[PDB]
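Structure record follows, encoded as structure tokens.
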Amino acid sequence: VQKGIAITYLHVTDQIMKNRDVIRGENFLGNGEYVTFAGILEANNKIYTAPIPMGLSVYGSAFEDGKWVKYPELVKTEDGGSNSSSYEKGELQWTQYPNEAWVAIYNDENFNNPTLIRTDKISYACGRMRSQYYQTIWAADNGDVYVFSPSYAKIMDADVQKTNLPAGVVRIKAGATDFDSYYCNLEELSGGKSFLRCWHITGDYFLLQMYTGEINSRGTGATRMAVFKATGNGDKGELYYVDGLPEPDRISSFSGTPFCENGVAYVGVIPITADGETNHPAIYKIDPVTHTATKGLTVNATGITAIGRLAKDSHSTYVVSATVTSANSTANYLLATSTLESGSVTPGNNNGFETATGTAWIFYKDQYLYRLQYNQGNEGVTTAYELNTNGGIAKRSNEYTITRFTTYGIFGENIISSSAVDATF
Amino acid sequence: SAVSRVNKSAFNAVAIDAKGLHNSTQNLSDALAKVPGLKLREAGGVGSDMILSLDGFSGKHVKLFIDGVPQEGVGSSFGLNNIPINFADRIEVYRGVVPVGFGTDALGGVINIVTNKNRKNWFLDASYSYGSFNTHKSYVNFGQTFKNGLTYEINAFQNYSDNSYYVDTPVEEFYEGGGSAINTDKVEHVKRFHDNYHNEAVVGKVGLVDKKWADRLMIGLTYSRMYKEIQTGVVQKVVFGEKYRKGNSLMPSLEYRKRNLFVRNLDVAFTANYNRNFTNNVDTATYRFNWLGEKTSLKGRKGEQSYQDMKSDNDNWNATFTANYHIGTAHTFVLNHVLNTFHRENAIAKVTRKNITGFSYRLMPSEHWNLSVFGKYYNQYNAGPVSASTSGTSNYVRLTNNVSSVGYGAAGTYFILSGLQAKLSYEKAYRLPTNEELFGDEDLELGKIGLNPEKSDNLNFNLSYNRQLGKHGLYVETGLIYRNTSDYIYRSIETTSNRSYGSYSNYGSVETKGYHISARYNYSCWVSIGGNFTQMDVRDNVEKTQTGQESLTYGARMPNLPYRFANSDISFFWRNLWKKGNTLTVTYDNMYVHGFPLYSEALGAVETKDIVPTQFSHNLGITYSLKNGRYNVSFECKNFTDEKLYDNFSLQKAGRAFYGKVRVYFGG
Numbered sequence: 038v039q040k041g042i043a044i045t046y047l048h049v050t051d052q053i054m055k056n057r058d059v060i061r062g063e064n065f066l067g068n069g070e071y072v073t074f075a076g077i078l079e080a081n082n083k084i085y086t087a088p089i090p091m092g093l094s095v096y097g098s099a100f101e102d103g104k105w106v107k108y109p110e111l112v113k114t115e116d117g118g119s120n121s122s123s124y125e126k127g128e129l130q131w132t133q134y135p136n137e138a139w140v141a142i143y144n145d146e147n148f149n150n151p152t153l154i155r156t157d158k159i160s161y162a163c164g165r166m167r168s169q170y171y172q173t174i175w176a177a178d179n180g181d182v183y184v185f186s187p188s189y190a191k192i193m194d195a196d197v198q199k200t201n202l203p204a205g206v207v208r209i210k211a212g213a214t215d216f217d218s219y220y221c222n223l224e225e226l227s228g229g230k231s232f233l234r235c236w237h238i239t240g241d242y243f244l245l246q247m248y249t250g251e252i253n254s255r256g257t258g259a260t261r262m263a264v265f266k267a268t269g270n271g272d273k274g275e276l277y278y279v280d281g282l283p284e285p286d287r288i289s290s291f292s293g294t295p296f297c298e299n300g301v302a303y304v305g306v307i308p309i310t311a312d313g314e315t316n317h318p319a320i321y322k323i324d325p326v327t328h329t330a331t332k333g334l335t336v337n338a339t340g341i342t343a344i345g346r347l348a349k350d351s352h353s354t355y356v357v358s359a360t361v362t363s364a365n366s367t368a369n370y371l372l373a374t375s376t377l378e379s380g381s382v383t384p385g386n387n388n389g390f391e392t393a394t395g396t397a398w399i400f401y402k403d404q405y406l407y408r409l410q411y412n413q414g415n416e417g418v419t420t421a422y423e424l425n426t427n428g429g430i431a432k433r434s435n436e437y438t439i440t441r442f443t444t445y446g447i448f449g450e451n452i453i454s455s456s457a458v459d460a461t462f
Numbered sequence: 118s119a120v121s122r123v124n125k126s127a128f129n130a131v132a133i134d135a136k137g138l139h140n141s142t143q144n145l146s147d148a149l150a151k152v153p154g155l156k157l158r159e160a161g162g163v164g165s166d167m168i169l170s171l172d173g174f175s176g177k178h179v180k181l182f183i184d185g186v187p188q189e190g191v192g193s194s195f196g197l198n199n200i201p202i203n204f205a206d207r208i209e210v211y212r213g214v215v216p217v218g219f220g221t222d223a224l225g226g227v228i229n230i231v232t233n234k235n236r237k238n239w240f241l242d243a244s245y246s247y248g249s250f251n252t253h254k255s256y257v258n259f260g261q262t263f264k265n266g267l268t269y270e271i272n273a274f275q276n277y278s279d280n281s282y283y284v285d286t287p288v289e290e291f292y293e294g295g296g297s298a299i300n301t302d303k304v305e306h307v308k309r310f311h312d313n314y315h316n317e318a319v320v321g322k323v324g325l326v327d328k329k330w331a332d333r334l335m336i337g338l339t340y341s342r343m344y345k346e347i348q349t350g351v352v353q354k355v356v357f358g359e360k361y362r363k364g365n366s367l368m369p370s371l372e373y374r375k376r377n378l379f380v381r382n383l384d385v386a387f388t389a390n391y392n393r394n395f396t397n398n399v400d401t402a403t404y405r406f407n408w409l410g411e412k413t414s415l416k417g418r419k420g421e422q423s424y425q426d427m428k429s430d431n432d433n434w435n436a437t438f439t440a441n442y443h444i445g446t447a448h449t450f451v452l453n454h455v456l457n458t459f460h461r462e463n474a475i476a477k478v479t480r481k482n483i484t485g486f487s488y489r490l491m492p493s494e495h496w497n498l499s500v501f502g503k504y505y506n507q508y509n510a511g512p513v514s515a516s517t518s519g520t521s522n523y524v525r526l527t528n529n530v531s532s533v534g535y536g537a538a539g540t541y542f543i544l545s546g547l548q549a550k551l552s553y554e555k556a557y558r559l560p561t562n563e564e565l566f567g568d569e570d571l572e573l574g575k576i577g578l579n580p581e582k583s584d585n586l587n588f589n590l591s592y593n594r595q596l597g598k599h600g601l602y603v604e605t606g607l608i609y610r611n612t613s614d615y616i617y618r619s620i621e622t623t624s625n626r627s628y629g630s631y632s633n634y635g636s637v638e639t640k641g642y643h644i645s646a647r648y649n650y651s652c653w654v655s656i657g658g659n660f661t662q663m664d665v666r667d668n669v670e671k672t673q674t675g676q677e678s679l680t681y682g683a684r685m686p687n688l689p690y691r692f693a694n695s696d697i698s699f700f701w702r703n704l705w706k707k708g709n710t711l712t713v714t715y716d717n718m719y720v721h722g723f724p725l726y727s728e729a730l731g732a733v734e735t736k737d738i739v740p741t742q743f744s745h746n747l748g749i750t751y752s753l754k755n756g757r758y759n760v761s762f763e764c765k766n767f768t769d770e771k772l773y774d775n776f777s778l779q780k781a782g783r784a785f786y787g788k789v790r791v792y793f794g795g
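Dropping the structure here:
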């Protein structure tokens with residue numbers, strides 16, 4: 038038994054799902070540890086990915102008489118642990134090289150002969166929340182790739198496994214195969230705070246979801262937003278907290294993926310409502326130049342899962358995927374609107390397109406909306422939606438059965454989903 | 118007699134005599150399906166996942182007993198859906214209000230299976246049945262008692278089926294280019310190929326009866342085993358070809374029972390049981406299957422859903438004490454206590480220990496009316512490991528929890544006329560929190576929050592009329608139910624607020640109002656007609672959301688829950704047909720279920736909503752008996768109009784099916 042990387046393609050135009058032969062993840066970075074891919078970033082007709090080390094497995098720890106084991110006291114001796122993060126006997130759980138970051142560059146969606154580049158300025162580049170990995174490598178409008186790192190390995194129980202690198206940013210220039218001299222220490226601009234998630238807005242502007250307290254595994258305290266300009270202070274980066282949002286104590290959660298359009302961002306905000314008030318979840322437009330937020334469309338639901346556009350043959354409409362949870366049961370509703378800046382929308386009074394909840398939601402341009410879901414759950418299939426000829430939301434005919442994924446993205450005409458699995462070679 | 122005493126009690130109880138069903142191919146759940154307000158929902162096939170609902174309460178809110186022994190700690194190899202009806206002498210269902218003598222926390226109600234404890238000096242019973250989809254079911258029960266007081270009894274049974282019935286579903290096509298896809302516009306009629314199931318069970322009891330120091334002292338041992346093949350997932354479109362599950366259970370028990378222990382009219386019963394269960398879930402295939410039985414390689418991936426070779430072994434044990442006393446017929450006293458200990462762990476063990484005490488008193492000054500008052504005390508202790516670290520996975524400590532509550536109730540009945548009876552009952556019931564809900568997060572600070580037990584107010588009213596008019600016999604009953612439930616323990620919504628919350632919380636309230644009608648007409652001994660109708664509304668009763676906003680589903684019907692259903696039957700009897708003592712029975716049956724939506728009825732465009740359709744199915748059976756039940760042959764046809772049936776949203780059940788049974792009984 039060995040660890041490998043599983044990659045699945047959904048071809049958008051022809052409605053076909055394909056599985057790639059499992060890639061060997063054992064000793065992917067040259068130190069015996071298996072990795073998980075975070076982010077599938079299309080840029081410069083190439084694929085950029087962050088291989089995040091997962092420590093040694095059972096096979097890795099016993100390879101050639103413990104060749105790869107640097108800290109023998111960290112190897113599990115007993116089989117136990119919570120089912121979410123249960124471990125087997127004889128494997129080393131987390132990475133033992135937390136003071137570096139790796140980037141893999143591929144030339145196409147066939148994932149052959151990676152170009153691996155290493156940096157020692159930042160820890161591994163991915164957001165982490167329990168079992169969820171968040172992409173933190175993004176691309177500016179000129180092709181440059183920015184690699185952000187929140188230094189989550191700072192909350193490791195073992196001191197050897199803690200990182201000493203503050204949360205930061207490095208850059209790969211367009212058409213280059215190595216890191217340049219650019220670095221930014223984000224914990225010096227944010228008053229010693231880290232971030233949970235980051236997205237691109239426009240140009241070299243990025244939106245960061247900042248912790249109000251200490252970085253943790255449950256995401257407690259990530260109730261503020263900031264705008265980071267990479268080339269702000271004479272190519273040194275500048276960070277400004279967003280104004281106009283509700284106070285951090287009055288925020289329950291943000292939407293997973295904002296919608297970027299016309300040089301601004303659209304973010305779903307869920308507030309905590311004071312006894313006597315009527316604050317409902319809404320869509321906030323964030324302007325990065327003035328780093329300000331403005332309340333827009335009101336959503337009358339318990340959650341927001343996707344914001345985007347869908348168009349078909351002279352029809353076009355904004356789509357908001359709202360979530361309603363009640364009776365310990367949860368449903369999702371696609372709601373069509375003509376603006377994200379005024380008005381209100383609700384699934385009440387029998388409105389909206391009803392579906393089951395999906396693991397991920399991803400818009401393919403303004404052509405399709407894909408609901409990604411693996412074998413398990415209420416409806417363990419991957420579905421897709423579009424606009425019919427007369428302006429209504431309809432479901433695509435074909436459906437798919439996919440394996441569990443931890444990252445996803447779009448390259449060319451393919452939606453790519455990747456995870457780390459057990460495999461035999 | 119016993120069925121009559123249960124039916125005429127002041128409680129809202131229904132007693133069914135199972136001895137009239139021993140010639141059929143039914144299980145315990147099939148017999149229970151005829152109780153008013155009781156609904157069965159099966160995934161489809163023999164040994165499939167079964168959910169029993171009573172007045173809208175399902176799962177943990179309805180408690181099962183066999184001769185007063187709790188069954189919540191028994192594995193799936195010995196369960197309601199896989200025990201033949203021949204196992205039971207009768208079945209009692211208590212709805213809402215539960216009399217003292219069971220000692221359990223149940224918001225919904227209690228089902229009690231009573232076996233035959235008045236056997237002859239020697240007896241033998243054997244039956245075999247063959248069916249449509251390669252179904253084989255056999256049952257044996259034999260025993261004897263001797264003149265020195267020694268007695269023994271042996272039960273054994275097995276159920277086997279392939280469940281190879283046809284369903285309609287879109288199939289995943291594997292393309293020549295290497296891809297695959299499931300086109301929803303194309304629906305195929307395909308047979309089931311990986312649905313085989315079979316379970317076996319043996320029960321053995323030996324002891325002494327009719328002694329000066331014990332009316333009954335018995336030692337028993339039960340062994341059960343089960344093998345299952347997983348055919349689909351939650352929806353039918355997901356299909357599997359290699360995943361399977363295995364299990365087995367071992368159950369020793371001791372029983373003691375005596376009357377007039379130290380003073381006259383003082384009866385005592387003590388009971389002890391131990392249950393050890395083993396489970397094994399295997400999912401290790403390297404291929405992807407479609408509904409046609411074809412295979413495609415997963416290209417190095419193991420596990421068609423998720424790689425798994427999991428084995429688990431759990432244990433638990435319970436003890437029960439009951440004392441009865443009475444001063445004449447006007448004053449009756451019952452005292453009960455139940456202890457139940459569970460060890461989830463397959474240095475800190477996840478331990479749950481539950482203690483329930485009950486006391487009841489009945490006053491019956493005349494034959495016109497009687498009244499009962501009772502009180503119960505609930506106490507649960509939970510213990511688990513919790514961590515206090517940055518990631519909470521290094522340092523562990525013990526965290527304990529104690530929950531106590533007091534329940535109470537009353538039940539009265541009045542006989543307005545000779546055959547007219549009116550019942551009124553009330554109880555305040557609880558459901559105590561579990562170890563997984565309390566210590567699921569395994570965090571020290573989140574553990575101290577704790578959870579309150581779920582609570583319910585249950586009110587019952589009944590009016591029944593029974594009369595015999597020459598050869599005509601008539602029985603009519605109507606009933607009203609009110610349930611008010613609060614402090615439901617629900618999953619918490621995922622948030623990133625500055626405040627940390629546990630994975631569960633006391634949030635949820637449901638208001639249920641309902642009525643039922645039951646009728647039974649008999650003429651002489653050759654025609655019997657009967658039916659039940661149930662109509663209830665179950666409303667979400669929470670005004671605000673978890674974040675403080677007005678709830679969209681407040682006041683709406685609770686989704687994924689049937690709320691109107693009916694059943695009816697007619698039986699014809701020809702006694703002394705070909706010789707004296709030989710009888711012929713022809714029985715017709717039908718079931719009606721009203722359609723319901725999968726999600727909340729008030730949300731989403733109606734044409735885009737997942738709905739379970741309205742269903743109406745029919746059953747037929749014929750039996751012939753020789754020498755007063757000594758030899759019996761039976762033929763049954765189920766779903767003889769071949770309707771598409773779905774207890775769950777998209778899980779189709781079997782169509783027209785044919786079964787044949789042969790049975791013999793000897794005794795003396």
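Residue numbers (the entry's author numbering), protein chains in the order written: chain B, 38 to 462; chain A, 118 to 463, 474 to 795.
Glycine included, every Cβ here is placed at the ideal spot set by N, Cα and C.
Original post:
Within 10 angstroms of its Cβ, does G260(A) collect 16 or more other Cβ (buried), or is it exposed?
Top reply: The residue you call residue 260(A) lines up with position 143 of the second sequence. The residue in question, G260(A), is buried, as its Cβ has 16 or more Cβ neighbours within 10 Å.
**OP:** Taking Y488(A) and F450(A) to be in contact with their CB atoms under 8 Å, please state how far apart those CB atoms are, rounded to whole angstroms.
**Re:** Position 361 of the second sequence, counted from the start, is the residue given in the question as residue 488(A). Position 333 of the second sequence, counted from the start, is the residue given in the question as residue 450(A). With a Cβ gap of about 6 Å, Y488(A) and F450(A) count as contacting.
Original post:
Is there a Cβ from chain A that is less than 9 Å from the Cβ of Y161(B)?
Top reply: Taking the first residue of the first sequence as 1, we reach residue 161(B) at position 124. So no, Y161(B) is outside the interface.
Original post:
For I209(B), which residues does DSSP report across the bridge?
Top reply: The residue given as residue 209(B) occupies position 172 in the first sequence. The partner list for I209(B) (beta bridge, DSSP) reads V182(B) and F216(B).
**OP:** Return the bridge partner residues of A460(B) from the DSSP annotation.
**Re:** On the first sequence, residue 460(B) is found 423 positions in, with the first residue counted as 1. Note: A460(B) sits in a beta bridge opposite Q39(B) and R418(A).
Subject >> Contact with chain A by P285(B), beta-carbon distance below 9 Å >> reply: Reading the first sequence from its first residue, position 248 is the one you call residue 285(B). At least one chain A Cβ lies under 9 Å of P285(B).
Original post:
At what residues does the alpha helix (DSSP H) containing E224(B) begin and finish?
Top reply: Residue 224(B) sits at position 187 when you count from the first residue of the first sequence. Where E224(B) is concerned, the enclosing alpha helix (DSSP H) stretches over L223 to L226.
Original post:
Is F357(A) helix, strand or coil when you go by DSSP?
Top reply: As a first step, residue 357(A) must be located in the second sequence, where it is residue number 240. It is coil, neither helix nor strand.
Subject >> Backbone CA spacing between residue 470(A) and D737(A) [nearest angstrom] >> reply: Regarding the residue in question, residue 470(A) is not represented: chain A runs 463 and then 474, omitting everything in between.
**OP:** Report the rounded CA-to-CA distance for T520(A) versus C764(A), giving the unit in angstroms.
**Re:** Locating residue 520(A) in the second sequence gives position 393, where the first residue counts as 1. Locating residue 764(A) in the second sequence gives position 637, where the first residue counts as 1. Their backbone Cα atoms lie some 58 Å apart in a straight line.
Subject >> Chain-ordered chain B contacts of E569(A) [CB-CB under 8 Å] >> reply: Translated into positions along the second sequence, residue 569(A) becomes position 442. The contacting residues are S119.
Subject >> Close-in-space but distant-in-sequence residues of the same chain around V207(B) (CB under 7 Å, 5 per side omitted) >> reply: On the first sequence, residue 207(B) is found 170 positions in, with the first residue counted as 1. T156, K158, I159, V184, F216, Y219 and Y220.
Original post:
What are the residues of the stretch 58-71 of chain B that lie near chain A, defined by any Cβ-Cβ distance shorter than 8 Å?
Top reply: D58 and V59
Original post:
Does the Cβ-Cβ distance between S351(B) and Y726(A) come in under 9 Å?
Top reply: Residue numbering aside, residue 351(B) sits at position 314 when the first sequence is read from its first letter. Residue numbering aside, residue 726(A) sits at position 599 when the second sequence is read from its first letter. No, these two residues do not count as a Cβ contact at 9 Å.
Original post:
Terminal residues of the continuous alpha helix (DSSP H) containing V95(B)?
Top reply: Working through the first sequence from its first residue, we reach residue 95(B) at position 58. Unbroken alpha helix (DSSP H) run through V95(B): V95 to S98.
Subject >> Where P90(B) falls: helix, strand or coil (DSSP) >> reply: Walking along the first sequence from the start, residue 90(B) turns up at place 53. Three-state DSSP puts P90(B) in a strand.
**OP:** Give the DSSP-derived three-state secondary structure of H178(A) in the structure shown.
**Re:** Along the second sequence, one-based indexing puts residue 178(A) at 61. Here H178(A) sits in helix by DSSP.
Original post:
Which value, in whole angstroms, describes the spacing of the CA atoms of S499(A) and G641(A)?
Top reply: Working through the second sequence from its first residue, we reach residue 499(A) at position 372. Working through the second sequence from its first residue, we reach residue 641(A) at position 514. Spanning the two alpha carbons is a distance of roughly 24 Å.
Subject >> Neighbouring residues, chain B, relative to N509(A) (Cβ below 7 Å) >> reply: Locating residue 509(A) in the second sequence gives position 382, counting from the first residue. Residues of chain B passing the Cβ test: none, with the nearest at roughly 17 Å.
**OP:** Determine the chain B residues that contact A298(A) at a beta-carbon separation under 8 Å, and present them in chain order.
**Re:** Within the second sequence, numbered from 1, the residue matching residue 298(A) stands at position 181. Within 8 Å Cβ-Cβ: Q52, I53, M54, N435, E436 and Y437.
**OP:** Could you check the C-alpha separation between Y161(B) and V140(B) for me, to the nearest Å?
**Re:** Within the first sequence, residue 161(B) is the residue found at index 124, counting from 1. Within the first sequence, residue 140(B) is the residue found at index 103, counting from 1. In a straight line, the C-alpha of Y161(B) is about 9 Å away from that of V140(B).
Original post:
Mind pulling the chain A residues with CB within less than 8 Å of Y370(B)?
Top reply: Along the first sequence, read from residue 1 onward, the residue named residue 370(B) stands at position 333. Residues of chain A passing the Cβ test: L730 and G731.
**OP:** Identify each residue in the stretch 269-302 of chain A for which the Cβ-Cβ distance to at least one residue of chain B is less than 7 Å, and report them in chain order.
**Re:** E289, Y292, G295, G296, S297, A298, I299, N300, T301 and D302
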